[PDB]
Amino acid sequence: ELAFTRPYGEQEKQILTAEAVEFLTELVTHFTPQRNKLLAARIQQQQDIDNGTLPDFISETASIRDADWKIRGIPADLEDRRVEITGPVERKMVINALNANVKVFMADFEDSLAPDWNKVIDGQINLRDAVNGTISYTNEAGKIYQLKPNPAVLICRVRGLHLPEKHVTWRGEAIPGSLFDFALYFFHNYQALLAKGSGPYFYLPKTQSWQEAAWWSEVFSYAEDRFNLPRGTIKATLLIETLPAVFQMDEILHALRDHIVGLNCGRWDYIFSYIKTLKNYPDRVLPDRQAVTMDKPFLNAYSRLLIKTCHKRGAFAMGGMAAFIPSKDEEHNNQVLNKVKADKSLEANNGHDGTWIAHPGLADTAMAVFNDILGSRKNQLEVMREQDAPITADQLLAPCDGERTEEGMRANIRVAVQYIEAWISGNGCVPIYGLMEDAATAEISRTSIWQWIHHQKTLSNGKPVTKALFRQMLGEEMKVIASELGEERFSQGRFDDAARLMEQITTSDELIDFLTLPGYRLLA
């Protein structure tokens, strides 16, 4: 049986109904052991890379890659996804996102949410109310927020396979957060979603292998069968946002063929994963974060391969997001929108079927680019990129050299520390220096600093990057943060705890896989 570590309040009584908990228990008991074996398999596969065998395509599955076959199908309401907005599962946010000038809202339990128990439960309440069409919110000023006609299509992003949900245990251990988030969104909403001609749709993050995709396929099939739904009722879009996964896109599509409708270039997790996965290769060190842009060869190759591979199988190839926040200053906002427009134009011209935004102020820009290139069509499924030569492992793994600067290092410290401080305080997405920071973008910043220390890289000013240099810069940059935020905000925050965690993970000889793992220990 499952144990719940917190007493039920009114919200738990809504979400954790006896029937919901029975269903969750079935998924946990049927699928948790296999999930743990998958996490163990990751260790061995990384060790093989660490020991000198770089990633490449899989030998034995060549027949799958060179065969003609397609995914099972795409629901009518997922035929046009030219712009999707992402946002966390907070109540007002859900309403504003569903009302935005977009096709889809991806409600997030993952990288943009700090997974406090109350926020995960409230998130399930909010999405149920949203599916049911009744969600409403009135703020302090007495302004009421409700869904407008024709709200966006809803897709739920669950926590990744590594994340525990520690407030529910089974056999003395936290259950998988992935199963918690999936089970409850599916269970509470499948009936209403299906009744209105939609379905239970998910975004699946941080996949590393086709076997992980196969596990999801088993989870989905079990869920469908439990409630006597037709096969392929549950539809997933799967982020290719780890370096191992870019070599297994066709195998992933095949393993999830009954449920999958698309892959997505999760560029920020992908860059983070490039650093983590190639941590033991001194020639694969990435430069200042702002220099790692989608026009760089390795990233352009990743996108073009994803586009060709998805379209070969009749699946969508979704783009990602640039992470620039609109400005309240008009002149400055013009510059922001011009760079967002440029980023989207690259995606649309390459053949992506749609793109992401994380702020409604970007919707008109993103929609205009996609409206222009799509014309009378709903997507770009027909774009096969036959002009492209084969894309090879050497191309996907190519170094990407650039300046490693003191300013870049200090910025990474400031970003990582401030992100950790927000996250441990319950805020998983925060604006910093005109950029939207969530777990993946902060992960790049902290992992980059570790990488420069690990390989004893020099900064462009000749300064050797060391644990000592980092520790001094950490204290110095904390003073900068205090000065920027003011005495009240800084003193009332958790910057002491954040700096401590940052120092621990940064000066460890081993690279921790995710900052969210030790970070979770600071959550109630």
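A residue's number is simply how far along the shown sequence it sits, counting from 1.
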- request: Could you check the entry and say whether 362 to 370 or 405 to 413 has the higher mean CA B-factor?
  value: 405 to 413
- prompt: Per the PDB record, is the mean Cα temperature factor higher over 495 to 503 or over 478 to 486?
  reply: 478 to 486
- prompt: Going by the deposited entry, which of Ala152, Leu179, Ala141, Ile271 has the highest CA temperature factor?
  reply: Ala141
- prompt: Would the CA B-factor of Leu459 place it in the lowest, middle or highest third of its chain?
  reply: highest
query: Which third, lowest, middle or highest, does the CA B-factor of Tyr281 fall in along this chain?
result: highest
statement: Entry-reported C-alpha B-factor of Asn132 relative to its chain, by third, is middle
- request: Give the position of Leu469 by CA B-factor within its chain, expressed as the lowest, middle or highest third.
  value: highest
- line: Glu443: C-alpha B-factor third of its chain, per the entry, is the lowest
